[PDB]
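With compact mmCIF, C-alpha atoms inside, this is start_24.txt:
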# COMPACT_ATOMS: atom_id res chain seq x y z
CA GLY A 757 -8.95 -22.87 45.77
CA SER A 758 -8.16 -23.54 49.42
CA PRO A 759 -9.72 -26.96 50.14
CA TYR A 760 -11.11 -25.93 53.51
CA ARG A 761 -14.70 -24.78 53.03
CA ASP A 762 -16.72 -27.92 53.72
CA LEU A 763 -14.52 -28.53 56.79
CA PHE A 764 -15.50 -25.17 58.17
CA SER A 765 -19.06 -24.84 56.98
CA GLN A 766 -19.51 -28.12 58.81
CA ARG A 767 -18.73 -26.17 61.97
CA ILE A 768 -20.84 -23.27 60.69
CA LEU A 769 -24.04 -25.28 60.39
CA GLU A 770 -23.40 -27.43 63.47
CA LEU A 771 -23.33 -24.52 65.94
CA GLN A 772 -26.93 -23.73 65.15
CA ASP A 773 -27.74 -27.43 64.78
CA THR A 774 -26.65 -27.53 68.40
CA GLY A 775 -27.98 -24.04 68.92
CA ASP A 776 -24.67 -23.22 70.55
CA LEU A 777 -24.45 -20.46 67.99
CA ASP A 778 -27.23 -18.99 70.11
CA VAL A 779 -25.32 -19.81 73.29
CA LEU A 780 -22.22 -17.96 72.14
CA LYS A 781 -24.32 -15.02 70.94
CA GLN A 782 -25.96 -14.87 74.37
CA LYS A 783 -22.58 -15.16 76.11
CA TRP A 784 -21.08 -11.78 75.25
CA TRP A 785 -24.50 -10.46 74.17
CA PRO A 786 -27.44 -11.44 76.39
CA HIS A 787 -30.78 -10.32 75.02
CA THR A 788 -32.09 -9.36 78.47
CA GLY A 789 -30.03 -6.37 79.67
CA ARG A 790 -31.04 -3.62 82.07
CA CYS A 791 -33.78 -2.56 79.63
CA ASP A 792 -35.73 -5.75 78.98
CA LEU A 793 -37.84 -4.36 76.12
CA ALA B 455 -29.16 -22.06 31.82
CA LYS B 456 -30.12 -18.63 30.49
CA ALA B 457 -27.59 -16.58 32.50
CA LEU B 458 -24.64 -18.82 31.64
CA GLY B 459 -25.21 -20.53 28.31
CA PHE B 460 -25.06 -24.11 29.51
CA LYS B 461 -27.18 -27.21 29.37
CA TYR B 462 -29.25 -29.35 31.74
CA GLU B 463 -31.53 -32.37 32.04
CA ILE B 464 -34.58 -33.30 34.14
CA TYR B 465 -34.56 -36.66 35.94
CA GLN B 466 -36.35 -38.14 38.94
CA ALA B 467 -35.78 -40.15 42.10
CA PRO B 468 -38.13 -43.17 42.21
CA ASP B 469 -38.67 -42.45 45.91
CA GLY B 470 -39.04 -38.68 45.87
CA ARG B 471 -38.66 -38.81 49.66
CA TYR B 472 -35.47 -36.71 50.34
CA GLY B 473 -33.71 -40.07 50.71
CA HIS B 474 -33.62 -42.03 53.94
CA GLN B 475 -30.52 -42.02 56.13
CA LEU B 476 -29.85 -45.64 56.90
CA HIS B 477 -28.46 -47.43 59.90
CA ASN B 478 -26.12 -48.65 57.16
CA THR B 479 -24.99 -44.97 57.41
CA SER B 480 -26.14 -44.64 53.81
CA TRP B 481 -29.07 -43.55 51.71
CA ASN B 482 -31.74 -44.17 49.17
CA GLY B 483 -33.47 -41.41 47.24
CA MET B 484 -31.86 -38.15 46.19
CA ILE B 485 -28.80 -38.85 48.33
CA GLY B 486 -28.28 -42.50 47.43
CA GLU B 487 -28.44 -41.45 43.77
CA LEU B 488 -25.35 -39.32 44.48
CA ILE B 489 -23.67 -41.88 46.70
CA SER B 490 -23.66 -43.89 43.48
CA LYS B 491 -23.37 -40.62 41.47
CA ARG B 492 -25.97 -41.74 38.96
CA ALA B 493 -27.08 -38.09 39.03
CA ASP B 494 -25.52 -34.62 39.10
CA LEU B 495 -27.91 -32.41 41.09
CA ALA B 496 -31.26 -32.18 42.83
CA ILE B 497 -33.05 -28.83 42.49
CA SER B 498 -36.28 -28.86 44.52
CA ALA B 499 -37.43 -28.46 48.11
CA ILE B 500 -34.38 -29.16 50.27
CA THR B 501 -33.85 -30.27 53.84
CA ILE B 502 -30.53 -29.24 55.39
CA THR B 503 -28.29 -31.68 57.24
CA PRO B 504 -24.65 -31.65 58.41

Will you turn the file into structure tokens for me?
Amino acid sequence: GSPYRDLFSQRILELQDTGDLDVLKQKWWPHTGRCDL
Amino acid sequence: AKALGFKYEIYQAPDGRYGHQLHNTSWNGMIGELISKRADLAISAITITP
């Protein structure tokens, strides 16, 4: 009932449309680490 | 239909081409049918767009 969802799911989809969802995952969580494997 | 108890119909886009986003910032196809709202849904293969 809160008319907010398409406003926000816009920003949900767009971050991976940009791939900046991946950028922000890699920010505080790089996949490399001290153990590469 | 079977899990809810409600009705449906089966129609068609004359393009069948996911629509085409225009430089009119508009559409034919499955999207232009709902710009005009001649339809209600489109249940098939789907491409995802913001």

Practice problem: Using all atoms listed in the file, find the residues of chain B whose closest atom to chain A is at most 10 Å away, then write them as a VMD selection string. | Solution: chain B and resid 502 to 504

Quiz prompt | Pick from B:484, B:491, B:497, B:459 nearest to residue B:471, counting all atoms listed in the file | solution =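 Nearest candidate to residue B:471 out of B:484, B:491, B:497, B:459: B:484.
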
Self-check item: Nearby residues (all atoms listed in the file) at most 10 Å from residue B:462, same-chain spacing under 4 positions excluded, as a PyMOL selection string
Solution: chain B and resi 455+494-495

Generate N, CA, C and O atoms for stretch 763-786 of chain A and emit them as a compact mmCIF listing (two decimals), keeping the file's coordinate frame.
# COMPACT_ATOMS: atom_id res chain seq x y z
N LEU A 763 -15.03 -28.33 55.43
CA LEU A 763 -14.52 -28.53 56.79
C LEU A 763 -15.08 -27.50 57.75
O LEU A 763 -15.37 -27.81 58.91
N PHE A 764 -15.26 -26.28 57.27
CA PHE A 764 -15.50 -25.17 58.17
C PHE A 764 -16.97 -24.83 58.19
O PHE A 764 -17.51 -24.47 59.24
N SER A 765 -17.63 -25.00 57.05
CA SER A 765 -19.06 -24.84 56.98
C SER A 765 -19.79 -25.98 57.66
O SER A 765 -20.94 -25.80 58.07
N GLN A 766 -19.12 -27.14 57.82
CA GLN A 766 -19.51 -28.12 58.81
C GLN A 766 -19.70 -27.47 60.18
O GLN A 766 -20.81 -27.49 60.74
N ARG A 767 -18.66 -26.81 60.67
CA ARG A 767 -18.73 -26.17 61.97
C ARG A 767 -19.64 -24.95 61.96
O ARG A 767 -20.09 -24.53 63.02
N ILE A 768 -19.90 -24.38 60.78
CA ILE A 768 -20.84 -23.27 60.69
C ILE A 768 -22.24 -23.77 60.99
O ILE A 768 -22.93 -23.23 61.86
N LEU A 769 -22.67 -24.81 60.27
CA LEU A 769 -24.04 -25.28 60.39
C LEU A 769 -24.26 -25.93 61.75
O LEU A 769 -25.32 -25.75 62.36
N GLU A 770 -23.24 -26.63 62.26
CA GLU A 770 -23.40 -27.43 63.47
C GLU A 770 -23.66 -26.59 64.71
O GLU A 770 -24.36 -27.05 65.63
N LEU A 771 -23.13 -25.36 64.77
CA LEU A 771 -23.33 -24.52 65.94
C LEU A 771 -24.78 -24.08 66.10
O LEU A 771 -25.22 -23.82 67.22
N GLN A 772 -25.52 -23.99 65.00
CA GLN A 772 -26.93 -23.73 65.15
C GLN A 772 -27.73 -25.03 65.14
O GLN A 772 -28.85 -25.06 65.68
N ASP A 773 -27.17 -26.10 64.57
CA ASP A 773 -27.74 -27.43 64.78
C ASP A 773 -27.74 -27.79 66.26
O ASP A 773 -28.71 -28.34 66.78
N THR A 774 -26.64 -27.47 66.95
CA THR A 774 -26.65 -27.53 68.40
C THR A 774 -27.43 -26.37 69.00
O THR A 774 -27.94 -26.48 70.12
N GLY A 775 -27.51 -25.25 68.29
CA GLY A 775 -27.98 -24.04 68.92
C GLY A 775 -26.96 -23.39 69.81
O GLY A 775 -27.30 -22.45 70.54
N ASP A 776 -25.72 -23.86 69.78
CA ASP A 776 -24.67 -23.22 70.55
C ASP A 776 -24.16 -21.97 69.87
O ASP A 776 -23.46 -21.18 70.51
N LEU A 777 -24.51 -21.78 68.60
CA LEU A 777 -24.45 -20.46 67.99
C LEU A 777 -25.27 -19.46 68.79
O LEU A 777 -24.79 -18.35 69.07
N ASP A 778 -26.43 -19.88 69.29
CA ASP A 778 -27.23 -18.99 70.11
C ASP A 778 -26.60 -18.82 71.48
O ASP A 778 -26.71 -17.75 72.09
N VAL A 779 -25.93 -19.87 71.97
CA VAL A 779 -25.32 -19.81 73.29
C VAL A 779 -24.17 -18.82 73.28
O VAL A 779 -24.02 -17.99 74.18
N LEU A 780 -23.36 -18.86 72.22
CA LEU A 780 -22.22 -17.96 72.14
C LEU A 780 -22.64 -16.54 71.80
O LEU A 780 -21.96 -15.59 72.21
N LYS A 781 -23.74 -16.36 71.06
CA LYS A 781 -24.32 -15.02 70.94
C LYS A 781 -24.78 -14.49 72.29
O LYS A 781 -24.41 -13.38 72.69
N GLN A 782 -25.52 -15.29 73.05
CA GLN A 782 -25.96 -14.87 74.37
C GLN A 782 -24.86 -14.75 75.41
O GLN A 782 -25.11 -14.19 76.47
N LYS A 783 -23.65 -15.26 75.13
CA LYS A 783 -22.58 -15.16 76.11
C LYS A 783 -22.12 -13.72 76.30
O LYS A 783 -22.30 -13.13 77.36
N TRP A 784 -21.54 -13.16 75.25
CA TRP A 784 -21.08 -11.78 75.25
C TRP A 784 -22.17 -10.81 74.83
O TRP A 784 -21.92 -9.60 74.76
N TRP A 785 -23.37 -11.31 74.54
CA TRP A 785 -24.50 -10.46 74.17
C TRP A 785 -25.79 -11.13 74.64
O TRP A 785 -26.51 -11.77 73.86
N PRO A 786 -26.11 -11.03 75.93
CA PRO A 786 -27.44 -11.44 76.39
C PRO A 786 -28.52 -10.52 75.86
O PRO A 786 -28.32 -9.31 75.72
